[PDB]
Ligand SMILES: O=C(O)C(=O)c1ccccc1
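Shown here is one chain on its own, the form solved without ligand 173, set out as structure tokens.
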């Protein structure tokens, strides 16, 4: 947010780590399109409704969250700050926001989960199905509340910034959960049968995939082109959200991510029908600023912007915000 935040991160981080963070695949057409898609959306606000008890809280996966928002899974957070995932998870817990532990976290998932709060666990499918399901079991044993199964990474997209930078994981950053293979619908079934936790498919863009996700027993989906980091030229999730929300017809939670940069963007996502958004890169920008406090400031400012936007739009509740109409600009 407040560009300075991104800029502040521009300066403190090595250019090639900032590139790892900011970049997309190919020509970054889908990265830029996420922003263009949000900027095209205008909200039609409602006036003169009772705002005496404006609340940004939602119930999701059986638990309350302070905002319609969770921290997106972003790998190797020690790349951005020495406290890495622990800093972010602490601030998320204190802000009442779920935090998604990555399969490729630079601190073990048991440690991040001990922080408390509302930890979710993002799963990459491993070449060994038994390693995959043991990771799922670890996450559940550790008290994670949802498995965020990433389904748009059969393999990683081609990041031209990382290729031009000759960038590689510095020696001091490890994959702490370890001491990969394309997921299919069969993999989704294996996870679903292995856990009672809600399974959330992250990276759904096609309407029929959203429908199939509900048929497959998913508790939610994240409508997402992976921040423009996977298929270059993939439609933005925000452009598919309304259609997907209609097709799912309440059958699972529908989250969206990609380019959420303000409370007004959260409002736009919710007016398009999203249950909640994920926020990725901005949380990592703040992480270069004071973990339990730099991230906490981001979340407080986002929390205030959401509350402001909702009230100006006449929405006492997130549910009311989902019933707002929108109009697409140019």
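Residues that one form lacks are left out of the comparison. If you superpose the two forms and keep the largest set of C-alpha atoms that fall within 1.5 Å, you have the rigid core. Numbering follows the first chain given and starts at 1.
The same protein has a further form, the form solved in complex with ligand 173, not shown here; the description that follows concerns it.
**Q** Find the only residue in 153, 206, 133, 114 having a heavy atom within 4.5 Å of ligand 173 in the deposited complex.
**A** By the 4.5 Å criterion, the partner-contacting residue is 153.
**Q** Can you pick the stretch from 154-162, 189-197, 207-215, 83-91 whose heavy atoms fall within 4.5 Å of ligand 173 in the deposited complex?
**A** Careful reading of the contacts points to 154-162.
**Q** Does residue 180 reach ligand 173 in the deposited complex, with heavy atoms at most 4.5 Å apart?
**A** Although ligand 173 is absent here, residue 180 would touch it in the deposited complex, with heavy atoms inside 4.5 Å.
**Q** Using a 4.5 angstroms cut-off on non-hydrogen atoms, would residue 185 count as touching ligand 173 in the deposited complex?
**A** So residue 185 does not count as contacting ligand 173.
**Q** Going by heavy atoms, what in 122-138 lies within 4.5 angstroms of ligand 173 in the deposited complex?
**A** Counting only heavy atoms within 4.5 Å of ligand 173 in the deposited complex, the single contacting residue of 122-138 is 124.
**Q** Select from 65, 43, 289, 303 the only position whose Cα moves 2 Å or more between this form and the one not shown when the core is aligned.
**A** C-alpha shift of at least 2 Å: 289.
**Q** Only counting residues present in both forms, give the runs of 3 or more in a row whose C-alpha shift is 2 Å or more between this form and the one not shown, core aligned.
**A** After core superposition, the displaced runs are 1-4, 289-292.
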